[PDB]
Structures are given as C-alpha cells and as structure tokens.
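> I'm passing along query_23.csv; it holds CSV, C-alpha atoms.
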chain,number,residue,atom,x,y,z
V,1,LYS,CA,136.3,136.0,82.3
V,2,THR,CA,136.7,138.0,79.1
V,3,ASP,CA,140.1,139.7,79.3
V,4,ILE,CA,141.2,143.1,78.0
V,5,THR,CA,144.9,144.0,77.7
V,6,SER,CA,146.4,146.9,75.9
V,7,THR,CA,149.5,148.9,75.1
V,8,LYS,CA,149.9,152.4,73.6
V,9,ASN,CA,148.8,151.3,70.1
V,10,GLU,CA,147.1,147.9,70.5
V,11,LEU,CA,144.1,146.7,72.5
V,12,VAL,CA,143.4,142.9,72.7
V,13,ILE,CA,140.1,141.5,73.9
V,14,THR,CA,140.2,137.7,74.6
V,15,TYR,CA,136.6,136.4,74.8
V,16,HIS,CA,135.4,133.7,77.2
V,17,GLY,CA,131.9,132.4,77.6
V,18,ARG,CA,128.7,133.3,75.9
V,19,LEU,CA,127.8,136.4,73.9
V,20,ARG,CA,128.0,139.2,76.4
V,21,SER,CA,127.7,142.9,76.8
V,22,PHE,CA,130.8,144.4,78.1
V,23,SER,CA,131.1,144.6,81.9
V,24,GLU,CA,131.3,148.0,83.5
V,25,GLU,CA,135.0,147.4,84.0
V,26,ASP,CA,135.6,146.5,80.4
V,27,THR,CA,133.8,149.6,79.3
V,28,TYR,CA,136.2,151.7,81.5
V,29,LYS,CA,139.3,149.9,80.0
V,30,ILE,CA,138.2,150.5,76.4
V,31,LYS,CA,137.3,154.1,77.3
V,32,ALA,CA,140.7,154.6,79.1
V,33,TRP,CA,142.6,153.3,76.0
V,34,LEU,CA,140.7,155.5,73.6
V,35,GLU,CA,141.1,158.7,75.6
V,36,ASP,CA,144.3,159.6,73.7
V,37,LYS,CA,143.2,158.2,70.4
V,38,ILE,CA,141.2,161.1,68.8
V,39,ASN,CA,143.7,161.2,65.8
V,40,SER,CA,143.8,157.4,65.2
V,41,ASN,CA,142.0,155.3,62.8
V,42,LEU,CA,141.4,151.8,64.0
V,43,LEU,CA,142.1,148.4,62.3
V,44,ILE,CA,140.0,145.8,64.0
V,45,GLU,CA,140.5,142.0,63.6
V,46,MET,CA,137.9,139.7,64.9
V,47,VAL,CA,139.6,136.3,65.1
V,48,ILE,CA,137.6,133.1,65.8
V,49,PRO,CA,138.7,129.5,66.0
V,50,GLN,CA,138.8,127.1,63.1
V,51,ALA,CA,135.7,124.9,62.4
V,52,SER,CA,128.4,128.8,61.8
V,53,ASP,CA,127.8,129.5,65.6
V,54,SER,CA,131.4,130.8,66.1
V,55,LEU,CA,131.2,132.9,63.0
V,56,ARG,CA,127.9,134.4,64.2
V,57,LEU,CA,129.4,135.1,67.6
V,58,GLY,CA,132.3,136.9,65.8
V,59,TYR,CA,129.8,139.1,63.9
V,60,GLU,CA,127.9,139.9,67.1
V,61,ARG,CA,131.0,140.8,69.1
V,62,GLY,CA,132.2,143.0,66.3
V,63,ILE,CA,128.8,144.8,66.4
V,64,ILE,CA,129.1,145.3,70.2
V,65,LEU,CA,132.7,146.5,69.9
V,66,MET,CA,131.9,149.0,67.1
V,67,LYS,CA,129.0,150.3,69.2
V,68,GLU,CA,131.3,150.7,72.2
V,69,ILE,CA,134.0,152.6,70.3
V,70,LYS,CA,131.4,154.8,68.6
V,71,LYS,CA,130.0,155.9,71.9
V,72,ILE,CA,133.3,157.7,72.5
V,73,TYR,CA,134.3,158.7,68.9
V,74,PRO,CA,131.2,158.7,66.8
V,75,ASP,CA,133.2,159.7,63.6
V,76,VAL,CA,135.9,157.1,64.2
V,77,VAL,CA,137.2,155.5,61.0
V,78,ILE,CA,137.2,151.7,61.5
V,79,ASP,CA,138.2,148.8,59.2
V,80,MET,CA,137.0,145.5,60.6
V,81,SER,CA,137.5,142.0,59.5
V,82,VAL,CA,136.5,138.5,60.7
V,83,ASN,CA,138.7,135.5,60.1
V,84,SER,CA,139.5,132.0,61.4
V,85,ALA,CA,142.8,131.4,63.0
V,86,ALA,CA,144.9,128.5,62.0
V,87,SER,CA,144.7,127.2,65.5
V,88,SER,CA,144.0,129.1,68.7
V,89,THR,CA,140.7,127.8,70.4
V,90,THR,CA,140.5,131.5,71.5
V,91,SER,CA,138.1,134.1,70.1
V,92,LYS,CA,139.6,137.5,70.4
V,93,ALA,CA,139.4,141.0,69.0
V,94,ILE,CA,142.7,142.9,68.2
V,95,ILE,CA,142.5,146.7,67.7
V,96,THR,CA,145.5,148.4,66.0
V,97,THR,CA,145.9,152.1,65.7
V,98,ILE,CA,146.7,153.9,62.4
V,99,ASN,CA,147.6,157.4,63.2
V,100,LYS,CA,146.1,160.1,61.0
J,1,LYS,CA,119.9,143.1,40.0
J,2,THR,CA,122.3,141.0,42.1
J,3,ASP,CA,125.1,140.4,39.6
J,4,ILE,CA,127.6,137.6,39.1
J,5,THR,CA,130.9,138.0,37.2
J,6,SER,CA,133.6,135.5,37.1
J,7,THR,CA,136.9,134.2,35.6
J,8,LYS,CA,138.3,130.7,35.9
J,9,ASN,CA,139.9,131.8,39.2
J,10,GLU,CA,137.4,134.0,40.9
J,11,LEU,CA,133.6,134.6,41.1
J,12,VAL,CA,132.2,137.8,42.5
J,13,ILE,CA,128.5,138.2,43.5
J,14,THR,CA,127.4,141.8,43.7
J,15,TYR,CA,124.2,142.0,45.8
J,16,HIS,CA,121.3,144.4,45.3
J,17,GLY,CA,118.5,145.1,47.7
J,18,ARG,CA,118.0,142.9,50.8
J,19,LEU,CA,117.4,139.6,49.1
J,20,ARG,CA,119.5,136.8,50.6
J,21,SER,CA,119.4,134.3,47.7
J,22,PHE,CA,119.6,134.0,43.9
J,23,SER,CA,117.5,133.8,40.8
J,24,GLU,CA,117.4,130.4,39.0
J,25,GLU,CA,119.8,131.9,36.5
J,26,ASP,CA,122.4,133.0,39.0
J,27,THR,CA,122.2,129.6,40.6
J,28,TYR,CA,123.1,128.1,37.2
J,29,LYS,CA,126.1,130.5,36.8
J,30,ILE,CA,127.5,129.5,40.2
J,31,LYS,CA,127.1,125.8,39.2
J,32,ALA,CA,128.8,126.4,35.9
J,33,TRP,CA,131.7,128.1,37.6
J,34,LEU,CA,132.1,125.2,40.1
J,35,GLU,CA,132.2,122.5,37.4
J,36,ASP,CA,136.1,122.5,37.1
J,37,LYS,CA,136.6,123.1,40.9
J,38,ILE,CA,136.0,119.5,42.2
J,39,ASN,CA,139.7,119.3,43.1
J,40,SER,CA,139.6,122.6,45.1
J,41,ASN,CA,138.9,124.1,48.5
J,42,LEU,CA,137.1,127.4,48.4
J,43,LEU,CA,137.5,130.8,50.2
J,44,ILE,CA,134.5,133.2,50.5
J,45,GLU,CA,135.0,136.7,51.7
J,46,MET,CA,131.7,138.5,52.5
J,47,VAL,CA,132.4,142.3,51.9
J,48,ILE,CA,130.0,144.5,53.8
J,49,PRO,CA,129.9,148.3,53.3
J,50,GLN,CA,129.6,150.4,56.5
J,51,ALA,CA,126.2,151.8,57.1
J,52,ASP,CA,126.4,155.0,59.2
J,53,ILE,CA,123.5,154.2,61.4
J,54,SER,CA,122.2,150.6,60.8
J,55,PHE,CA,125.5,148.7,60.5
J,56,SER,CA,124.2,145.9,62.8
J,57,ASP,CA,121.5,145.2,60.2
J,58,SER,CA,123.9,145.3,57.2
J,59,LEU,CA,126.4,143.1,59.1
J,60,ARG,CA,123.7,140.5,60.0
J,61,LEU,CA,122.5,140.6,56.3
J,62,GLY,CA,126.0,139.5,55.2
J,63,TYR,CA,126.1,136.7,57.7
J,64,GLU,CA,122.8,135.5,56.4
J,65,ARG,CA,123.8,135.8,52.8
J,66,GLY,CA,126.9,133.7,53.6
J,67,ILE,CA,124.7,131.0,55.1
J,68,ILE,CA,122.7,130.9,51.8
J,69,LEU,CA,125.8,131.0,49.7
J,70,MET,CA,127.5,128.1,51.4
J,71,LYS,CA,124.2,126.2,51.2
J,72,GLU,CA,124.1,126.8,47.5
J,73,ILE,CA,127.7,125.7,46.9
J,74,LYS,CA,127.3,122.5,48.9
J,75,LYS,CA,124.2,121.6,46.9
J,76,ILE,CA,126.5,121.3,44.0
J,77,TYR,CA,129.6,120.1,45.8
J,78,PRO,CA,128.7,118.4,49.0
J,79,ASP,CA,132.1,117.6,50.4
J,80,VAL,CA,133.8,121.0,49.6
J,81,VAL,CA,135.6,122.7,52.4
J,82,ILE,CA,135.0,126.5,52.6
J,83,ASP,CA,137.1,129.1,54.4
J,84,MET,CA,134.8,132.0,55.4
J,85,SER,CA,136.0,135.5,55.9
J,86,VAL,CA,134.3,138.9,56.5
J,87,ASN,CA,135.5,142.4,55.8
J,88,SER,CA,133.6,145.6,56.6
J,89,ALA,CA,136.0,148.4,55.8
J,90,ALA,CA,135.6,152.2,55.4
J,91,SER,CA,136.6,151.8,51.7
J,92,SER,CA,134.0,149.1,50.9
J,93,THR,CA,131.6,150.4,48.2
J,94,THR,CA,129.5,147.3,47.3
J,95,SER,CA,128.0,144.4,49.2
J,96,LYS,CA,129.6,141.4,47.6
J,97,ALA,CA,130.8,137.9,48.1
J,98,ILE,CA,134.2,137.0,46.6
J,99,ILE,CA,134.8,133.3,45.8
J,100,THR,CA,138.3,131.9,45.2
J,101,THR,CA,139.8,128.5,45.1
J,102,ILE,CA,142.2,127.1,47.9
Show me this structure written as structure tokens.


Amino acid sequence: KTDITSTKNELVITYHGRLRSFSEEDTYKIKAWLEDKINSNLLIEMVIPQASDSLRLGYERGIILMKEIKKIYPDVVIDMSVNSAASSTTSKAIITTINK
Amino acid sequence: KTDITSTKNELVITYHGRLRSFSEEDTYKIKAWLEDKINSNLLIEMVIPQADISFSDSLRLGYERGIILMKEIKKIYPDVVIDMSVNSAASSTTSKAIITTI
C-alpha cells in the first residue's frame, strides 16, 4: 500500500495504513536510490495531514526512516522536519539531496 | 534548569535533563506571556538535537514535551488553536520549544 517513488535527487514515500516497518521491497528501493548518494546530505520532510495520533505517527515514521538510511550510510548528514500540510489527507516523507 | 526567555512576539523554552514539565515558576511565566495573546493562534516548533545513538529516545522525548506544553497552554487558553511543528537538524544545539503567534 505504502508507495515509494523517486528521481535522481528526490525520493517520496507516501504512507498508507498503520505504523509499519518497511517491506522487503521498500528496503530495496530506498537502498537502490541511496547507492549513488555517498556525497549527498539529505533534507527530509515528514508531512502529515491537518488536524496527536497523526503527529506521533510522523515521529515514528521519521525514526524508522532515519534508521533505514543509517543502515547504508551511518555518517549521513540528515536534517529532518515534521509539519502539517495545508490540505492533503496524505502522510508522506520527502527526501531531497543536497550535494556536498 | 529548563529556562524560559521571551519577548512580546516569541517565547523560547530551553529544556534541561529529561523532565517533561515545568516548575511552578515557569508555569507562571508562560501564563504571563499568554495574557495579551487571547486574540492569537499559536505556532510551536519542537527543536530536537540529533543524538548519535539514541535519537529515537530524544525524538520521543520531544513528542512528549509537546504534549505537556500544549496541555499547559490550553489550561490558560482553552480554545486556542496551535500549529505544531518539529525540527531535528544537524545544526540543532539545544532542546527547545519555540512559541510564536499566528
């Protein structure tokens, strides 16, 4: 259900359902996207819908995602935020590269 | 040692330790800052420095502190609407809560 799509410099996770670990397929996608990213810092935006449960889910998904990225690049520089969207009804994570 | 500093426009809580809540005195400071805010919405940004190892714990601590802070604000100002945001950046040096109006 949760969907991962990416281009050269942007990876977008669109969450669906309950708090989940990443599937084996999602782990591969995130790993495949990071393979060429050794020299990139990462700007991560956790975006949740507008109105505590949703906020908590955004924190927990941010934790999972940090852990996932850190498995590949332990010394990765991350800046990560959590914010409500004006109106999306979607929870998502956007990763942008900043090349170093 | 949790510290509160403010101007008319902005109040910043700098947290010490792992305590989630405030002294009686810091509660009064917050209440005094809110007194001319009855005609305002509020924005809170929880700022969470990055722990090398135990970032899950630090991150959950900021979540919990924001629960308490919103609780304390609404004690004073029951109908206020709060926009909550979180930032955990590499450059973040202190655990703090920034409060602004609108």

> For residue 90 (chain V), list every protein, DNA or RNA residue within 7 Å, evaluated using all atoms listed in the file, and leave out those in the same chain fewer than 2 positions away; present the list as number ranges by chain.

V: 14, 48-49, 88, 92

> So what do you get for CA of residue 29 (chain V) versus CA of residue 56 (chain J), distance-wise?

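So the two atoms, CA of residue 29 (chain V) and CA of residue 56 (chain J), lie 23.2 Å apart.
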
> Considering only C-alpha atoms, give me a table of residues in chain J that are at most 7 Å from chain V, with the closest atom pair and distance in Å for each, as CSV.


residue,atom,partner,partner_atom,distance
J:56,CA,V:63,CA,5.9
J:85,CA,V:83,CA,5.0
J:86,CA,V:82,CA,4.8
J:87,CA,V:81,CA,4.2
J:88,CA,V:80,CA,5.3
J:89,CA,V:79,CA,4.1
J:90,CA,V:79,CA,5.7

> Hey, can you check how far CA of residue 76 (chain J) sits from CA of residue 45 (chain J)?

19.2 Å

> For residue 11 (chain V), which residue among V:96, V:39, V:91, V:54 is the nearest when counting only C-alpha atoms?

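Residue with the minimum atom-to-atom distance to residue 11 (chain V): V:96.
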
> What's around region 10-26 of chain J at 8 Å? Count all atoms listed in the file, leave out sequence neighbours fewer than 4 positions away in its own chain, and write the answer as a count of residues only.

21

> I'd like the contact shell of residue 3 (chain V) - 8 Å cut-off, all atoms listed in the file, skipping same-chain residues fewer than 2 positions apart - returned as an mmCIF file with C-alpha atoms, keeping the file's coordinate frame.


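Writing the result to result_23.cif gives the following:
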data_model
loop_
_atom_site.group_PDB
_atom_site.id
_atom_site.type_symbol
_atom_site.label_atom_id
_atom_site.label_comp_id
_atom_site.auth_asym_id
_atom_site.auth_seq_id
_atom_site.Cartn_x
_atom_site.Cartn_y
_atom_site.Cartn_z
ATOM 1 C CA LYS V 1 136.300 136.000 82.300
ATOM 2 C CA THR V 5 144.900 144.000 77.700
ATOM 3 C CA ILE V 13 140.100 141.500 73.900
ATOM 4 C CA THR V 14 140.200 137.700 74.600
ATOM 5 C CA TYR V 15 136.600 136.400 74.800
ATOM 6 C CA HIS V 16 135.400 133.700 77.200
#

> Would you work out the distance separating CA of residue 61 (chain V) from CA of residue 93 (chain J), expressed in Å to one decimal?

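Separation of CA of residue 61 (chain V) and CA of residue 93 (chain J): 23.0 Å.
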
> Please, which residues are within 12 Å of (136.2, 123.3, 44.4) by the file's coordinates, counting only C-alpha atoms, and could they come as a PyMOL selection string?

chain J and resi 8-10+30-44+73-74+76-83+99-102

> Hey, could you patch up region 27-40 of chain V with N, CA, C and O atoms and hand it over as a PDB file, keeping the file's coordinate frame?


ATOM      1  N   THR V  27     134.091 148.350  79.920  1.00  0.00           N
ATOM      2  CA  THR V  27     133.800 149.600  79.300  1.00  0.00           C
ATOM      3  C   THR V  27     134.795 150.688  79.731  1.00  0.00           C
ATOM      4  O   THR V  27     135.222 151.508  78.907  1.00  0.00           O
ATOM      5  N   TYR V  28     135.210 150.668  81.001  1.00  0.00           N
ATOM      6  CA  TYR V  28     136.200 151.700  81.500  1.00  0.00           C
ATOM      7  C   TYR V  28     137.531 151.453  80.771  1.00  0.00           C
ATOM      8  O   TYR V  28     138.175 152.430  80.355  1.00  0.00           O
ATOM      9  N   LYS V  29     137.980 150.195  80.655  1.00  0.00           N
ATOM     10  CA  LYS V  29     139.300 149.900  80.000  1.00  0.00           C
ATOM     11  C   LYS V  29     139.278 150.410  78.582  1.00  0.00           C
ATOM     12  O   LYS V  29     140.237 151.047  78.135  1.00  0.00           O
ATOM     13  N   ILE V  30     138.229 150.089  77.833  1.00  0.00           N
ATOM     14  CA  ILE V  30     138.200 150.500  76.400  1.00  0.00           C
ATOM     15  C   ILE V  30     138.123 152.026  76.361  1.00  0.00           C
ATOM     16  O   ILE V  30     138.749 152.656  75.500  1.00  0.00           O
ATOM     17  N   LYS V  31     137.359 152.640  77.256  1.00  0.00           N
ATOM     18  CA  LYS V  31     137.300 154.100  77.300  1.00  0.00           C
ATOM     19  C   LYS V  31     138.679 154.684  77.650  1.00  0.00           C
ATOM     20  O   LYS V  31     139.125 155.656  77.033  1.00  0.00           O
ATOM     21  N   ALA V  32     139.353 154.115  78.653  1.00  0.00           N
ATOM     22  CA  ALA V  32     140.700 154.600  79.100  1.00  0.00           C
ATOM     23  C   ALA V  32     141.665 154.545  77.911  1.00  0.00           C
ATOM     24  O   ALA V  32     142.491 155.447  77.730  1.00  0.00           O
ATOM     25  N   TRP V  33     141.614 153.456  77.139  1.00  0.00           N
ATOM     26  CA  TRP V  33     142.600 153.300  76.000  1.00  0.00           C
ATOM     27  C   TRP V  33     142.306 154.255  74.912  1.00  0.00           C
ATOM     28  O   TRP V  33     143.255 154.725  74.260  1.00  0.00           O
ATOM     29  N   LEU V  34     141.040 154.592  74.681  1.00  0.00           N
ATOM     30  CA  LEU V  34     140.700 155.500  73.600  1.00  0.00           C
ATOM     31  C   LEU V  34     140.900 156.965  73.927  1.00  0.00           C
ATOM     32  O   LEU V  34     140.906 157.795  73.018  1.00  0.00           O
ATOM     33  N   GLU V  35     141.090 157.310  75.196  1.00  0.00           N
ATOM     34  CA  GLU V  35     141.100 158.700  75.600  1.00  0.00           C
ATOM     35  C   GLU V  35     142.113 159.528  74.771  1.00  0.00           C
ATOM     36  O   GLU V  35     141.827 160.658  74.365  1.00  0.00           O
ATOM     37  N   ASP V  36     143.279 158.956  74.486  1.00  0.00           N
ATOM     38  CA  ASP V  36     144.300 159.600  73.700  1.00  0.00           C
ATOM     39  C   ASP V  36     144.281 159.304  72.228  1.00  0.00           C
ATOM     40  O   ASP V  36     145.263 159.567  71.530  1.00  0.00           O
ATOM     41  N   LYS V  37     143.181 158.743  71.711  1.00  0.00           N
ATOM     42  CA  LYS V  37     143.200 158.200  70.400  1.00  0.00           C
ATOM     43  C   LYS V  37     142.346 158.984  69.366  1.00  0.00           C
ATOM     44  O   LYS V  37     141.964 158.452  68.315  1.00  0.00           O
ATOM     45  N   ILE V  38     142.050 160.255  69.671  1.00  0.00           N
ATOM     46  CA  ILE V  38     141.200 161.100  68.800  1.00  0.00           C
ATOM     47  C   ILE V  38     141.743 161.040  67.342  1.00  0.00           C
ATOM     48  O   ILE V  38     140.968 160.943  66.382  1.00  0.00           O
ATOM     49  N   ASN V  39     143.070 161.071  67.166  1.00  0.00           N
ATOM     50  CA  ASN V  39     143.700 161.200  65.800  1.00  0.00           C
ATOM     51  C   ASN V  39     144.106 159.833  65.261  1.00  0.00           C
ATOM     52  O   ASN V  39     145.012 159.782  64.417  1.00  0.00           O
ATOM     53  N   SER V  40     143.488 158.745  65.697  1.00  0.00           N
ATOM     54  CA  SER V  40     143.800 157.400  65.200  1.00  0.00           C
ATOM     55  C   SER V  40     142.645 156.774  64.555  1.00  0.00           C
ATOM     56  O   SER V  40     141.553 156.721  65.130  1.00  0.00           O
TER      57      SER V  40
END
